[PDB]
>>> print(open('work.txt').read())   # compact mmCIF, N, CA and C atoms and all ligand atoms
# COMPACT_ATOMS: atom_id res chain seq x y z
N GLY A 13 27.24 -33.70 125.18
CA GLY A 13 26.24 -34.68 124.76
C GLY A 13 25.12 -34.76 125.77
N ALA A 14 24.38 -35.85 125.74
CA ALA A 14 23.13 -35.88 126.52
C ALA A 14 23.41 -35.77 128.01
N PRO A 15 24.41 -36.49 128.55
CA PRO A 15 24.67 -36.38 129.99
C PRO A 15 25.06 -34.96 130.39
N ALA A 16 25.87 -34.28 129.57
CA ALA A 16 26.29 -32.89 129.91
C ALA A 16 25.08 -31.96 129.90
N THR A 17 24.13 -32.17 128.99
CA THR A 17 22.92 -31.36 128.92
C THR A 17 22.15 -31.55 130.23
N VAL A 18 22.07 -32.79 130.72
CA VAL A 18 21.35 -33.03 132.00
C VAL A 18 22.10 -32.36 133.14
N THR A 19 23.42 -32.44 133.19
CA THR A 19 24.17 -31.72 134.23
C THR A 19 23.77 -30.25 134.25
N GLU A 20 23.81 -29.62 133.08
CA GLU A 20 23.69 -28.14 133.01
C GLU A 20 22.25 -27.66 133.12
N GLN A 21 21.28 -28.43 132.61
CA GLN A 21 19.88 -27.95 132.45
C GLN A 21 18.90 -28.85 133.21
N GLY A 22 19.35 -29.99 133.73
CA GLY A 22 18.45 -30.96 134.38
C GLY A 22 17.89 -30.43 135.69
N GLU A 23 16.70 -30.91 136.01
CA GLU A 23 16.02 -30.63 137.27
C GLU A 23 16.40 -31.66 138.31
N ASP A 24 16.67 -31.21 139.52
CA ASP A 24 16.99 -32.07 140.67
C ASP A 24 15.68 -32.58 141.26
N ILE A 25 15.48 -33.87 141.14
CA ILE A 25 14.24 -34.50 141.62
C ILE A 25 14.47 -35.30 142.89
N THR A 26 15.57 -35.10 143.55
CA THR A 26 15.84 -35.71 144.87
C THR A 26 15.09 -34.95 145.95
N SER A 27 14.75 -35.67 147.01
CA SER A 27 14.11 -35.05 148.19
C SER A 27 15.09 -34.11 148.91
N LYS A 28 16.35 -34.51 148.99
CA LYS A 28 17.40 -33.78 149.70
C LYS A 28 17.97 -32.64 148.86
N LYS A 29 17.65 -32.58 147.56
CA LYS A 29 18.22 -31.56 146.64
C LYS A 29 19.74 -31.68 146.65
N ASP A 30 20.25 -32.88 146.44
CA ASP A 30 21.68 -33.19 146.42
C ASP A 30 22.16 -33.51 144.98
N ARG A 31 21.33 -33.20 143.99
CA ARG A 31 21.65 -33.43 142.54
C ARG A 31 21.92 -34.91 142.28
N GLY A 32 21.47 -35.82 143.13
CA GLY A 32 21.76 -37.24 142.94
C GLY A 32 20.99 -37.86 141.78
N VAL A 33 19.89 -37.26 141.43
CA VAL A 33 19.04 -37.65 140.28
C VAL A 33 18.61 -36.37 139.59
N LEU A 34 19.12 -36.20 138.36
CA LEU A 34 18.82 -35.04 137.52
C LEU A 34 18.02 -35.50 136.31
N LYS A 35 17.02 -34.74 135.93
CA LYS A 35 16.08 -35.15 134.86
C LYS A 35 15.90 -34.06 133.82
N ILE A 36 15.85 -34.48 132.55
CA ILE A 36 15.31 -33.64 131.47
C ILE A 36 14.21 -34.40 130.76
N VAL A 37 13.07 -33.77 130.52
CA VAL A 37 12.00 -34.27 129.63
C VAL A 37 12.46 -34.04 128.20
N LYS A 38 12.57 -35.11 127.43
CA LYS A 38 12.96 -35.05 126.01
C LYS A 38 11.75 -35.10 125.11
N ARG A 39 10.72 -35.83 125.49
CA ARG A 39 9.45 -35.86 124.73
C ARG A 39 8.34 -35.76 125.79
N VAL A 40 7.47 -34.77 125.64
CA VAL A 40 6.35 -34.57 126.58
C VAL A 40 5.34 -35.71 126.36
N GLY A 41 4.83 -36.24 127.47
CA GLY A 41 3.81 -37.29 127.45
C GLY A 41 2.41 -36.73 127.41
N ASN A 42 1.43 -37.59 127.60
CA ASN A 42 0.00 -37.29 127.44
C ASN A 42 -0.62 -37.03 128.80
N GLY A 43 -1.50 -36.05 128.83
CA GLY A 43 -2.32 -35.78 130.00
C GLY A 43 -1.49 -35.28 131.16
N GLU A 44 -1.95 -35.55 132.36
CA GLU A 44 -1.28 -35.03 133.57
C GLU A 44 -0.90 -36.12 134.57
N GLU A 45 -1.56 -37.26 134.54
CA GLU A 45 -1.30 -38.26 135.57
C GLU A 45 0.10 -38.87 135.47
N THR A 46 0.65 -39.21 136.61
CA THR A 46 1.90 -39.92 136.83
C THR A 46 1.71 -41.02 137.83
N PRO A 47 2.54 -42.06 137.83
CA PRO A 47 2.20 -43.25 138.60
C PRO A 47 2.40 -43.08 140.10
N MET A 48 1.52 -43.77 140.84
CA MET A 48 1.59 -43.80 142.31
C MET A 48 2.42 -45.00 142.75
N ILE A 49 2.91 -44.96 143.97
CA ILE A 49 3.58 -46.12 144.58
C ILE A 49 2.58 -47.28 144.55
N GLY A 50 3.10 -48.42 144.10
CA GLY A 50 2.37 -49.68 143.92
C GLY A 50 1.90 -49.88 142.50
N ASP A 51 1.87 -48.86 141.68
CA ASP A 51 1.42 -49.07 140.28
C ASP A 51 2.45 -49.91 139.52
N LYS A 52 1.95 -50.69 138.60
CA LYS A 52 2.80 -51.42 137.65
C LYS A 52 3.12 -50.49 136.50
N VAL A 53 4.40 -50.39 136.18
CA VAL A 53 4.88 -49.52 135.10
C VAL A 53 5.51 -50.37 134.01
N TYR A 54 5.37 -49.86 132.80
CA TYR A 54 5.86 -50.52 131.58
C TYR A 54 6.74 -49.50 130.88
N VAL A 55 8.01 -49.85 130.63
CA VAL A 55 8.93 -48.88 130.02
C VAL A 55 9.77 -49.56 128.94
N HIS A 56 10.27 -48.72 128.04
CA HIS A 56 11.45 -49.06 127.23
C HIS A 56 12.59 -48.14 127.70
N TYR A 57 13.81 -48.61 127.69
CA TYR A 57 14.93 -47.75 128.10
C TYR A 57 16.21 -48.24 127.47
N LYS A 58 17.19 -47.37 127.56
CA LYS A 58 18.60 -47.79 127.37
C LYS A 58 19.45 -46.95 128.32
N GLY A 59 20.56 -47.50 128.71
CA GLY A 59 21.41 -46.88 129.71
C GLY A 59 22.86 -47.21 129.60
N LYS A 60 23.64 -46.45 130.31
CA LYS A 60 25.09 -46.62 130.28
C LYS A 60 25.76 -46.15 131.55
N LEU A 61 26.95 -46.68 131.79
CA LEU A 61 27.84 -46.08 132.80
C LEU A 61 28.37 -44.82 132.22
N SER A 62 28.60 -43.85 133.04
CA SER A 62 29.00 -42.49 132.56
C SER A 62 30.34 -42.57 131.85
N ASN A 63 31.18 -43.54 132.23
CA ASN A 63 32.49 -43.75 131.55
C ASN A 63 32.31 -44.50 130.23
N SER A 64 31.09 -44.79 129.75
CA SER A 64 30.77 -45.47 128.45
C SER A 64 31.37 -46.88 128.37
N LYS A 65 31.75 -47.53 129.48
CA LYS A 65 32.38 -48.89 129.44
C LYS A 65 31.34 -50.03 129.38
N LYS A 66 30.09 -49.77 129.71
CA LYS A 66 28.98 -50.76 129.59
C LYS A 66 27.75 -49.99 129.10
N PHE A 67 26.92 -50.61 128.24
CA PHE A 67 25.67 -50.09 127.67
C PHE A 67 24.60 -51.19 127.69
N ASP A 68 23.39 -50.84 128.01
CA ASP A 68 22.25 -51.75 128.17
C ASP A 68 21.12 -51.33 127.23
N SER A 69 20.85 -52.21 126.22
CA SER A 69 19.75 -52.11 125.21
C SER A 69 18.78 -53.26 125.34
N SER A 70 18.81 -53.99 126.45
CA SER A 70 18.03 -55.21 126.67
C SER A 70 16.53 -54.93 126.48
N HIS A 71 16.05 -53.71 126.80
CA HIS A 71 14.65 -53.32 126.71
C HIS A 71 14.49 -52.02 125.92
N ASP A 72 15.43 -51.76 125.00
CA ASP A 72 15.34 -50.53 124.21
C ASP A 72 14.07 -50.49 123.38
N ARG A 73 13.87 -51.56 122.71
CA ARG A 73 12.60 -52.02 122.08
C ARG A 73 12.32 -53.44 122.61
N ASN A 74 11.95 -54.42 121.82
CA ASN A 74 11.74 -55.79 122.30
C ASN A 74 10.66 -55.70 123.38
N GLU A 75 10.82 -56.48 124.43
CA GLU A 75 9.73 -56.63 125.40
C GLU A 75 9.82 -55.45 126.36
N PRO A 76 8.67 -54.87 126.77
CA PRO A 76 8.71 -53.90 127.84
C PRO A 76 9.36 -54.39 129.12
N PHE A 77 10.00 -53.46 129.80
CA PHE A 77 10.55 -53.64 131.14
C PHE A 77 9.42 -53.30 132.11
N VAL A 78 9.14 -54.21 133.03
CA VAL A 78 7.95 -54.09 133.89
C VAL A 78 8.37 -54.19 135.33
N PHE A 79 7.87 -53.26 136.14
CA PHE A 79 8.15 -53.33 137.59
C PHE A 79 7.06 -52.58 138.34
N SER A 80 6.95 -52.85 139.60
CA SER A 80 6.01 -52.17 140.50
C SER A 80 6.74 -51.03 141.19
N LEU A 81 6.21 -49.83 141.01
CA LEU A 81 6.82 -48.59 141.38
C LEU A 81 6.89 -48.49 142.86
N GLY A 82 7.99 -47.99 143.35
CA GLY A 82 8.10 -47.56 144.75
C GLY A 82 8.20 -48.76 145.67
N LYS A 83 8.56 -49.93 145.13
CA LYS A 83 8.63 -51.20 145.90
C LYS A 83 10.09 -51.69 145.95
N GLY A 84 11.13 -50.91 145.57
CA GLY A 84 12.50 -51.47 145.64
C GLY A 84 12.75 -52.65 144.67
N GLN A 85 12.07 -52.68 143.55
CA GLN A 85 12.39 -53.65 142.47
C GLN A 85 13.51 -53.17 141.54
N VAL A 86 13.84 -51.87 141.65
CA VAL A 86 14.85 -51.18 140.85
C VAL A 86 15.65 -50.28 141.78
N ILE A 87 16.73 -49.72 141.28
CA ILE A 87 17.51 -48.73 142.03
C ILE A 87 16.63 -47.54 142.42
N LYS A 88 17.04 -46.90 143.50
CA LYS A 88 16.25 -45.80 144.08
C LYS A 88 15.97 -44.71 143.05
N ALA A 89 16.96 -44.40 142.20
CA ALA A 89 16.79 -43.33 141.20
C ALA A 89 15.58 -43.57 140.27
N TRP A 90 15.31 -44.85 139.96
CA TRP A 90 14.17 -45.19 139.11
C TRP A 90 12.82 -45.09 139.84
N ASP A 91 12.79 -45.52 141.10
CA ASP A 91 11.54 -45.34 141.86
C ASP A 91 11.25 -43.83 142.03
N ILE A 92 12.30 -43.00 142.14
CA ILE A 92 12.13 -41.53 142.20
C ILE A 92 11.72 -41.01 140.83
N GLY A 93 12.48 -41.36 139.80
CA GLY A 93 12.36 -40.69 138.49
C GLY A 93 11.23 -41.17 137.62
N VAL A 94 10.98 -42.48 137.55
CA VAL A 94 9.90 -42.96 136.69
C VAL A 94 8.54 -42.46 137.20
N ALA A 95 8.45 -42.30 138.53
CA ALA A 95 7.24 -41.81 139.19
C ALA A 95 6.84 -40.42 138.72
N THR A 96 7.82 -39.62 138.23
CA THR A 96 7.53 -38.27 137.77
C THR A 96 7.09 -38.22 136.32
N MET A 97 7.03 -39.35 135.63
CA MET A 97 6.78 -39.39 134.18
C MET A 97 5.30 -39.57 133.84
N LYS A 98 4.89 -38.93 132.75
CA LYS A 98 3.58 -39.12 132.16
C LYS A 98 3.62 -40.24 131.12
N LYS A 99 2.46 -40.85 130.85
CA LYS A 99 2.40 -41.87 129.77
C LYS A 99 2.86 -41.22 128.47
N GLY A 100 3.76 -41.89 127.76
CA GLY A 100 4.31 -41.41 126.49
C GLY A 100 5.51 -40.52 126.65
N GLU A 101 5.88 -40.15 127.88
CA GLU A 101 7.05 -39.28 128.09
C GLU A 101 8.32 -40.06 127.81
N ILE A 102 9.29 -39.33 127.26
CA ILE A 102 10.68 -39.81 127.22
C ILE A 102 11.52 -38.84 128.05
N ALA A 103 12.33 -39.38 128.93
CA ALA A 103 13.16 -38.56 129.80
C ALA A 103 14.58 -39.07 129.79
N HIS A 104 15.50 -38.15 130.10
CA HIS A 104 16.89 -38.48 130.44
C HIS A 104 17.13 -38.35 131.93
N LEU A 105 17.79 -39.32 132.53
CA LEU A 105 18.17 -39.27 133.95
C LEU A 105 19.67 -39.46 134.06
N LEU A 106 20.30 -38.60 134.85
CA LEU A 106 21.70 -38.72 135.24
C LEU A 106 21.73 -38.97 136.74
N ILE A 107 22.40 -40.04 137.16
CA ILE A 107 22.24 -40.60 138.51
C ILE A 107 23.60 -40.82 139.16
N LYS A 108 23.79 -40.21 140.34
CA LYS A 108 24.98 -40.41 141.14
C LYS A 108 24.91 -41.73 141.90
N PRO A 109 26.05 -42.25 142.33
CA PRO A 109 26.09 -43.59 142.92
C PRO A 109 25.18 -43.78 144.13
N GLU A 110 24.95 -42.75 144.93
CA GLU A 110 24.16 -42.93 146.16
C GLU A 110 22.72 -43.31 145.81
N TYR A 111 22.28 -43.06 144.57
CA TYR A 111 20.91 -43.39 144.13
C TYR A 111 20.91 -44.61 143.18
N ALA A 112 22.03 -45.29 143.12
CA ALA A 112 22.18 -46.47 142.23
C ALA A 112 22.87 -47.57 143.04
N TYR A 113 24.14 -47.87 142.82
CA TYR A 113 24.83 -49.01 143.41
C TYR A 113 25.87 -48.62 144.45
N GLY A 114 26.04 -47.32 144.69
CA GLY A 114 26.90 -46.84 145.77
C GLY A 114 28.35 -47.23 145.68
N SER A 115 29.03 -47.19 146.81
CA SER A 115 30.45 -47.55 146.88
C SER A 115 30.62 -49.04 146.62
N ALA A 116 29.62 -49.87 146.93
CA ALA A 116 29.68 -51.33 146.72
C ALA A 116 29.77 -51.66 145.23
N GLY A 117 29.04 -50.92 144.42
CA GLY A 117 28.80 -51.29 143.03
C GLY A 117 28.02 -52.60 142.94
N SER A 118 28.18 -53.28 141.81
CA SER A 118 27.54 -54.59 141.58
C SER A 118 28.48 -55.33 140.64
N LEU A 119 29.56 -55.83 141.22
CA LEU A 119 30.74 -56.30 140.47
C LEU A 119 30.43 -57.66 139.86
N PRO A 120 31.01 -57.98 138.68
CA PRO A 120 31.87 -57.04 137.94
C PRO A 120 31.19 -56.08 136.95
N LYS A 121 29.87 -56.16 136.70
CA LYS A 121 29.15 -55.26 135.75
C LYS A 121 29.25 -53.77 136.13
N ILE A 122 28.97 -53.41 137.38
CA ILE A 122 28.86 -51.99 137.83
C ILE A 122 30.00 -51.73 138.79
N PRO A 123 30.97 -50.83 138.49
CA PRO A 123 32.06 -50.55 139.42
C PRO A 123 31.59 -49.76 140.64
N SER A 124 32.46 -49.67 141.63
CA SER A 124 32.30 -48.77 142.79
C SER A 124 32.06 -47.34 142.34
N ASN A 125 31.11 -46.66 142.96
CA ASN A 125 30.92 -45.21 142.82
C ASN A 125 30.66 -44.85 141.36
N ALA A 126 29.81 -45.62 140.67
CA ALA A 126 29.46 -45.37 139.26
C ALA A 126 28.32 -44.38 139.14
N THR A 127 28.47 -43.43 138.21
CA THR A 127 27.38 -42.59 137.71
C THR A 127 26.73 -43.28 136.52
N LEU A 128 25.40 -43.24 136.48
CA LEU A 128 24.64 -43.89 135.42
C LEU A 128 23.85 -42.87 134.63
N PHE A 129 23.58 -43.17 133.37
CA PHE A 129 22.72 -42.35 132.52
C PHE A 129 21.66 -43.22 131.83
N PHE A 130 20.44 -42.79 131.76
CA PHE A 130 19.37 -43.51 131.07
C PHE A 130 18.51 -42.62 130.23
N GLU A 131 18.04 -43.18 129.10
CA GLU A 131 16.93 -42.64 128.33
C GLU A 131 15.77 -43.61 128.54
N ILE A 132 14.63 -43.08 129.04
CA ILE A 132 13.51 -43.91 129.50
C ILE A 132 12.26 -43.42 128.83
N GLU A 133 11.45 -44.34 128.28
CA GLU A 133 10.12 -44.05 127.74
C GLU A 133 9.08 -44.77 128.62
N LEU A 134 8.16 -44.01 129.21
CA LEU A 134 7.08 -44.60 129.98
C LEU A 134 5.96 -44.97 129.02
N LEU A 135 5.72 -46.26 128.83
CA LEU A 135 4.70 -46.77 127.90
C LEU A 135 3.30 -46.72 128.50
N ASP A 136 3.20 -47.10 129.75
CA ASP A 136 1.90 -47.27 130.40
C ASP A 136 2.15 -47.49 131.89
N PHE A 137 1.07 -47.30 132.65
CA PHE A 137 1.06 -47.72 134.07
C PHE A 137 -0.37 -48.08 134.44
N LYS A 138 -0.46 -48.97 135.41
CA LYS A 138 -1.73 -49.56 135.82
C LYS A 138 -1.73 -49.73 137.35
N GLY A 139 -2.90 -49.55 137.93
CA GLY A 139 -3.11 -49.80 139.35
C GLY A 139 -2.93 -51.25 139.69
N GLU A 140 -2.22 -51.51 141.10
CA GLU A 140 -2.11 -52.86 141.67
C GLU A 140 -3.52 -53.44 141.84
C1 LIG B 201 16.28 -51.99 145.49
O1 LIG B 201 17.62 -52.14 144.98
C2 LIG B 201 17.84 -52.91 143.83
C3 LIG B 201 16.90 -53.59 143.11
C4 LIG B 201 17.26 -54.36 142.01
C5 LIG B 201 18.56 -54.55 141.61
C6 LIG B 201 18.91 -55.31 140.42
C7 LIG B 201 19.37 -54.43 139.22
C8 LIG B 201 18.20 -53.67 138.62
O2 LIG B 201 18.74 -52.62 137.73
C9 LIG B 201 18.24 -51.39 137.86
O3 LIG B 201 17.51 -51.08 138.79
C10 LIG B 201 18.64 -50.39 136.85
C11 LIG B 201 17.45 -49.56 136.43
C12 LIG B 201 16.44 -50.39 135.64
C13 LIG B 201 17.12 -50.93 134.40
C14 LIG B 201 18.36 -51.73 134.76
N1 LIG B 201 19.26 -50.99 135.65
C15 LIG B 201 20.60 -51.06 135.59
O4 LIG B 201 21.33 -50.52 136.42
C16 LIG B 201 21.27 -51.80 134.38
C17 LIG B 201 21.26 -53.26 134.71
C18 LIG B 201 21.83 -53.76 135.85
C19 LIG B 201 21.82 -55.13 136.13
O5 LIG B 201 22.35 -55.71 137.21
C20 LIG B 201 23.08 -54.96 138.12
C21 LIG B 201 21.21 -55.99 135.22
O6 LIG B 201 21.06 -57.38 135.53
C22 LIG B 201 22.05 -58.11 135.02
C23 LIG B 201 20.60 -55.51 134.09
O7 LIG B 201 19.97 -56.45 133.29
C24 LIG B 201 19.25 -55.96 132.21
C25 LIG B 201 20.63 -54.14 133.82
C26 LIG B 201 22.69 -51.22 134.11
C27 LIG B 201 23.44 -52.16 133.13
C28 LIG B 201 24.83 -51.57 132.75
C29 LIG B 201 24.70 -50.16 132.17
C30 LIG B 201 23.99 -49.25 133.20
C31 LIG B 201 22.64 -49.83 133.54
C32 LIG B 201 17.29 -54.49 137.81
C33 LIG B 201 17.77 -55.11 136.64
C34 LIG B 201 16.92 -55.77 135.81
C35 LIG B 201 15.54 -55.83 136.04
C36 LIG B 201 15.07 -55.15 137.21
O8 LIG B 201 13.73 -55.06 137.53
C37 LIG B 201 12.80 -55.53 136.62
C38 LIG B 201 12.80 -57.03 136.60
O9 LIG B 201 13.24 -57.73 137.61
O10 LIG B 201 12.26 -57.54 135.56
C39 LIG B 201 15.94 -54.53 138.03
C40 LIG B 201 19.50 -53.85 142.36
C41 LIG B 201 19.13 -53.03 143.45
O11 LIG B 201 19.98 -52.25 144.23
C42 LIG B 201 21.30 -51.99 143.83
>>> encode(input="work.txt", output="structure tokens")
Amino acid sequence: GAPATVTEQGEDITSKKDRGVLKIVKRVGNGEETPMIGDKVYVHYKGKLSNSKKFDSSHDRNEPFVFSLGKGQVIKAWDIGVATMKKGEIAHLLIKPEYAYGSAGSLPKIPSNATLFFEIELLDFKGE
């Protein structure tokens, strides 16, 4: 399924090349620009724990999910991965614990050493 496709064909977008964040572009976006650190980003997404025990559709549609890029408002994998997206792009991200909640997790929602998967659509981004 989608996570296995990212394992096998995904691009490693980590600085260390440790496969901690793997990406596939599922729908190509518009133009060439991608957001800079400090830009406000607007996304729709859905995500899950790799063991399929929790799923998040809070912003699948409904209200956009909004955060300032590269400011630690989200897990490290998102500041890395959303930054690589074009407006209108849809991407899949597969994320190891070191780029999400680590050995600590975020109990009881996120267990220790959880792998996460997301489908993310970048709607827009704007300068601070
Ligand atoms: C810099 O480090 C961190 C920053 C922020 C957090 C909190 C969780 C942080 O969650 C995340 O960064 C990732 C990626 C963005 C979407 C949410 N997300 C999650 O893991 C999801 C998540 C996690 C949550 O809490 C852990 C949520 O809050 C209850 C949550 O609410 C919608 C969603 C997971 C849910 C289970 C299935 C797997 C996904 C968060 C949650 C909700 C909104 C956020 O920013 C926008 C806003 O405030 O409107 C940020 C943890 C951080 O470190 C572990």
>>> closest_residue(input="work.txt", among="A:31, A:73, A:104, A:52", to="residue A:18", atoms="only C-alpha atoms")
A:104
>>> axis_aligned_box(input="work.txt", around="ligand LIG 201 (chain B)", padding_each_side="3 Å", output="lines of an AutoDock Vina configuration file")
center_x = 18.5
center_y = -53.7
center_z = 138.8
size_x = 18.6
size_y = 14.9
size_z = 19.3
>>> atom_distance(input="work.txt", atom1="atom N of residue A:16", atom2="atom C of residue A:96")
20.3 Å
>>> residues_near_ligand(input="work.txt", ligand="ligand LIG 201 (chain B)", cutoff="6 Å", atoms="only C-alpha atoms and all ligand atoms", output="list in words")
residues 59, 60, 61, 66, 67, 68, 70, 78, 79, 84, 85, 86, 87, 112, 113, 118 and 128 of chain A
>>> select_by_dssp(input="work.txt", residues="stretch 41-139 of chain A", states="strand (DSSP E)", output="ChimeraX atom specification")
/A:52-61,67-68,77-80,102-107,128-138
>>> closest_residue(input="work.txt", among="A:77, A:111, A:130, A:90", to="residue A:58", atoms="all atoms listed in the file")
A:130
>>> atom_distance(input="work.txt", atom1="atom CA of residue A:50", atom2="atom CA of residue A:80")
5.6 Å
>>> atom_distance(input="work.txt", atom1="atom CA of residue A:17", atom2="atom CA of residue A:55")
22.4 Å
>>> closest_residue(input="work.txt", among="A:41, A:64, A:57, A:106", to="residue A:20", atoms="only C-alpha atoms")
A:106
>>> closest_residue(input="work.txt", among="A:15, A:74, A:47, A:115", to="residue A:129", atoms="only N, CA and C atoms")
A:15
>>> decode(input="work.txt", residues="stretch 112-139 of chain A", atoms="N, CA and C atoms", output="CSV table (one decimal), in the first residue's frame")
chain,number,residue,atom,x,y,z
A,112,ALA,N,9.8,12.6,14.6
A,112,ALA,CA,8.4,12.7,15.1
A,112,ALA,C,8.5,12.8,16.6
A,113,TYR,N,8.1,11.8,17.3
A,113,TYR,CA,7.9,11.8,18.8
A,113,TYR,C,9.0,11.0,19.5
A,114,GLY,N,9.9,10.3,18.8
A,114,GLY,CA,11.0,9.6,19.4
A,114,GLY,C,10.6,8.5,20.4
A,115,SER,N,11.5,8.2,21.2
A,115,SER,CA,11.3,7.1,22.2
A,115,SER,C,10.3,7.6,23.2
A,116,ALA,N,10.2,8.9,23.5
A,116,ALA,CA,9.2,9.4,24.5
A,116,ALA,C,7.8,9.1,24.0
A,117,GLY,N,7.5,9.3,22.7
A,117,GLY,CA,6.2,9.3,22.2
A,117,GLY,C,5.4,10.5,22.7
A,118,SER,N,4.1,10.4,22.7
A,118,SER,CA,3.2,11.5,23.2
A,118,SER,C,2.0,10.8,23.7
A,119,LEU,N,2.1,10.2,24.9
A,119,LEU,CA,1.2,9.2,25.5
A,119,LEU,C,0.0,10.0,26.0
A,120,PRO,N,-1.2,9.3,25.9
A,120,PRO,CA,-1.4,8.0,25.3
A,120,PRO,C,-1.7,7.9,23.8
A,121,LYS,N,-1.8,9.1,23.1
A,121,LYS,CA,-2.1,9.1,21.6
A,121,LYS,C,-1.0,8.4,20.8
A,122,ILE,N,0.3,8.8,21.0
A,122,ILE,CA,1.4,8.4,20.1
A,122,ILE,C,2.3,7.5,21.0
A,123,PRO,N,2.5,6.2,20.7
A,123,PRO,CA,3.4,5.3,21.5
A,123,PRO,C,4.9,5.7,21.3
A,124,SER,N,5.7,5.1,22.1
A,124,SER,CA,7.2,5.1,22.0
A,124,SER,C,7.6,4.6,20.6
A,125,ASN,N,8.5,5.3,20.0
A,125,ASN,CA,9.2,4.7,18.8
A,125,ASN,C,8.2,4.5,17.7
A,126,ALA,N,7.2,5.4,17.5
A,126,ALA,CA,6.2,5.3,16.4
A,126,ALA,C,6.7,5.8,15.1
A,127,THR,N,6.4,5.0,14.0
A,127,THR,CA,6.5,5.5,12.6
A,127,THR,C,5.2,6.1,12.2
A,128,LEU,N,5.2,7.2,11.5
A,128,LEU,CA,4.0,7.9,11.1
A,128,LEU,C,3.9,8.0,9.5
A,129,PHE,N,2.7,8.0,9.0
A,129,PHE,CA,2.5,8.2,7.6
A,129,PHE,C,1.5,9.4,7.3
A,130,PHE,N,1.8,10.2,6.4
A,130,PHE,CA,0.8,11.3,6.0
A,130,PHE,C,0.7,11.5,4.6
A,131,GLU,N,-0.6,11.9,4.2
A,131,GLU,CA,-0.8,12.4,2.9
A,131,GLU,C,-1.1,13.9,3.1
A,132,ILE,N,-0.4,14.8,2.4
A,132,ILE,CA,-0.4,16.2,2.7
A,132,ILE,C,-0.6,16.9,1.4
A,133,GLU,N,-1.5,17.9,1.3
A,133,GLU,CA,-1.8,18.8,0.2
A,133,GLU,C,-1.4,20.2,0.6
A,134,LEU,N,-0.4,20.8,-0.1
A,134,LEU,CA,0.0,22.2,0.2
A,134,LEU,C,-1.0,23.1,-0.6
A,135,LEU,N,-1.8,23.8,0.2
A,135,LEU,CA,-2.8,24.7,-0.4
A,135,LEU,C,-2.2,26.1,-0.9
A,136,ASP,N,-1.4,26.6,0.0
A,136,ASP,CA,-0.9,28.0,-0.2
A,136,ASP,C,0.3,28.2,0.8
A,137,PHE,N,1.1,29.2,0.5
A,137,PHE,CA,2.0,29.7,1.5
A,137,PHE,C,2.2,31.2,1.2
A,138,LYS,N,2.5,31.9,2.3
A,138,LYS,CA,2.6,33.4,2.3
A,138,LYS,C,3.8,33.8,3.2
A,139,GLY,N,4.5,34.9,2.8
A,139,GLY,CA,5.5,35.5,3.5
A,139,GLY,C,5.0,36.1,4.8
